[PDB]
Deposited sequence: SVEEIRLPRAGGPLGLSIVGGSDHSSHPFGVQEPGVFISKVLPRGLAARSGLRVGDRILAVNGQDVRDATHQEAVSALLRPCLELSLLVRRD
């Protein structure tokens, strides 16, 4: 399954694992935090961030894409 997630972005309230081709996964989600309230779940694979493919991104690149300045923070994730 796939879906687009927009964060109202302040801590994001999630942790991620992986990076370079396993990919980048959400390892922890703070209950009632921003990521949790946005619909992100443990185990989700982050496919893209604001249109930027991160299927093959480094852990540092994934962190940077998520914290970089933007109009709206939008993610594409794959679960199950």
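Missing from the model, relative to the deposited sequence, are the stretches 10-11, 23-32.
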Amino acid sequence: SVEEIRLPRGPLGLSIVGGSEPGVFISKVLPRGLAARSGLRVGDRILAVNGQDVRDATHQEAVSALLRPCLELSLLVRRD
From here on, numbers count along this sequence of modelled residues.
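Whichever C-alpha set is largest while still superposing within 1.5 Å between the two forms counts as the rigid core.
Greater C-alpha displacement in 8 other deposited structures of this protein (rigid core superposition, RMS over structures and residues), of 11-19 versus 54-62: 11-19. In at least one third of the other compared structures of this protein with flanking residues present, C70 is left unmodelled. Set 52-60 against 66-74 and average the Cα temperature factors; 52-60 ends up higher.
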